[PDB]
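Read the figures in this text as sums done on the coordinates, not as results from a lab. Here the Cβ positions follow ideal geometry from the backbone for every residue, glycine too, while neighbour counts run over all protein chains shown.
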Amino acid sequence: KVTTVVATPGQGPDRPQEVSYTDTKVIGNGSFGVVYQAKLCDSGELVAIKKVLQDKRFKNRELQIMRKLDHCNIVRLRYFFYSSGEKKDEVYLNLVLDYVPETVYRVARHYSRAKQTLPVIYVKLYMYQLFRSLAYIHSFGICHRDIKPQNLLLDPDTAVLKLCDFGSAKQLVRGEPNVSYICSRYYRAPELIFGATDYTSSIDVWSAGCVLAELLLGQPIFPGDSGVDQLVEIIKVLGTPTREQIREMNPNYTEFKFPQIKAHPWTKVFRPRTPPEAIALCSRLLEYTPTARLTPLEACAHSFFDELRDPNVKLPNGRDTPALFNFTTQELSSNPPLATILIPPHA
Ligand SMILES: COCCNC(=O)c1nc(-c2ccc(S(=O)(=O)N3CCN(C)CC3)cc2)cnc1N
């Protein structure tokens, strides 16, 4: 069964094209509608169609953001078009994206069921690629707002990570308020747990540190039954924030959940047989103070990733490491002189 739809390229000139696809399989659900997997008849390559119900008296925020993005470690928007259900009003915006077979969550989840830890090289590979994607969208002022392992796609063979689900991403315009019940809990920055609406892109940096620590520990570092319990578990490990730290997180609130609980060391948080520059990265990612957290660009050049910058380092299945040095000037803009470290010898 071959379906032919008139789709506009998600990057290219505004030139609607006949796109034919088949093998339509549902893969995902959500707030927005439904996610499918499909095969382009002509090129035979697999794609994902994210189908959202669209009201025409406001443009889809995700769509405006997708048509401005293009990176190695981000699922690219190939096309978009409009469908409908039965009656009219009932307009569906459909996003044709690249399909990536696996996700970090489902990888991380197995090793955990096998009582095993993910090999450290995969931690470095997947965190570095995530940082690159973060430094790129933050250079536009776009904040994902929903970093979680299930929103990171992986190819098992090439070890390529591609960030997906831009449903909660938003251009942060300074002076416009921004909501605080964003982020998929567990990875919900301190500022948002206290209900701050004056946040920056560093909330993705926090969420990334929660993803890093989860891959190191083999389970979510900051669990919790609600937004309140997330604060308990953060305070359990990072201690009660100082009142200066509280002022920097949210310039609004403090309704003491309970008392000051103090911190316990990073060394005692993780497994003993795995404490290298990985613990130093977590201590630079998971800080209360938003301006004290690393930039995704500064995180890529951290000591923990230095194995990947070696010209001789090779993937576990013997293959080459995927592109880890093909930066743009937009991606380097926050700190251009960091290219000293980012681009090693080796071409
Ligand atoms: C709304 O936000 C974005 C929604 N998602 C995307 O856009 C997107 N999703 C994926 C994806 C990858 C893995 C899986 S899976 O859990 O490993 N698995 C589930 C069932 N199935 C039989 C096998 C696959 C599910 C989906 C890939 N590329 C995408 N472009």
**Message:** Using only alpha-carbon positions, what ratio does the radius of gyration of segment 76-149 give when scaled by 2.2 N^0.38 Å?
**Reply:** 1.57
**Request:** Considering only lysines 8 or more places apart in sequence, or on different chains, count the pairs in segment 102-347 whose C-alpha atoms sit under 28 Å apart.
**Result:** 25
**Message:** Once you keep just the Cα pairs under 8 angstrom separated by 6 or more residues, what percentage relative contact order results for the chain?
**Reply:** 13 percent
**Item:** Size-normalised alpha-carbon gyration radius of the chain, reference 2.2 N^0.38 Å
**Value:** 1.03
**Asked** Can you give the translational diffusion coefficient of segment 130-244 in µm²/s, computed by Stokes-Einstein from the Kirkwood radius over Cα pairs at 37 °C and 0.692 mPa s?
**Response** 221 µm²/s
**Mean Cα-pair separation over length for segment 143-193, i.e. relative contact order, pairs under 8 Å, 6 or more apart, %** = 39 percent
**Request:** Work out from phi, with θ = phi - 60° and the Karplus expression 6.51 cos²θ - 1.76 cosθ + 1.60, the ³J(HN,Hα) of each residue of segment 193-205, listed in order in whole Hz, and give x for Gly and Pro.
**Result:** 4, 7, x, 7, 10, 10, 8, 10, 6, 5, 6, 5, 5
**Request:** Please check the chain for the longest run free of trypsin sites (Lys or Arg not before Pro) that are loop-located per DSSP (anything but H, G, I, E, B) and have at most 10 other Cβ atoms within 10 Å.
**Result:** 175-261
**Request:** Please work out how much length the chain gains when fully extended from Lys1 to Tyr253, using 0.36 nm per residue of separation minus the C-alpha to C-alpha distance, in nm with one decimal.
**Result:** 85.1 nm
**Item:** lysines whose Cα lies under 17 Å from that of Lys56, excluding same-chain neighbours fewer than 8 positions away
**Value:** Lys87, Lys88
**Asked** What whole number of Å gives the distance from the Cα centroid of segment 152-182 to the Cα centroid of segment 187-218?
**Response** 12 Å
**Approximate shape of segment 272-347 as ellipsoid semi-axes (Cα gyration tensor, √5λ), whole Å, largest first** = 23, 20, 9
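Taking 0.36 nm per intervening residue step and subtracting the Cα-Cα distance, what contour gain separates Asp55 from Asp225 on full extension? Mind dumping the intermediate values first?
On the way: separation 170, 0.36 × 170 = 61.20 nm, distance 3.43 nm.
Using 0.36 nm per residue and subtracting the Cα-Cα distance, I get 57.8 nm.
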**Complete:** Cα-based Debye curve of segment 18-101 sampled at q = 0.13, 0.19, 0.25 Å⁻¹ gives log₁₀ I(q)/I(0) of -0.42, -0.90, -1.40
**Request:** Report the chymotrypsin sites (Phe, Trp or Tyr not before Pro) located in segment 158-219 that are in a DSSP loop and have at most 13 other Cβ atoms inside 10 Å of their Cβ, or state none.
**Result:** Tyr181
**Complete:** Expected vector for segment 47-56, Karplus 3J(HN,Hα) from phi with 6.51, -1.76, 1.60 and θ = phi - 60°, integer Hz, x for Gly and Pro, equals 9, 10, 10, 8, 10, 10, 7, 10, 8, 6
**Request:** Can you check what the net charge comes to around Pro156, using other residues whose Cβ is under 11 Å from the Cβ of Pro156 (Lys, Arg +1; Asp, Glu -1)?
**Result:** -2
**Prompt:** Translational D (Stokes-Einstein, µm²/s) of segment 213-347 at 20 °C and 1.002 mPa s when Rh comes from the Kirkwood sum over C-alpha pairs?
**Reply:** 121 µm²/s
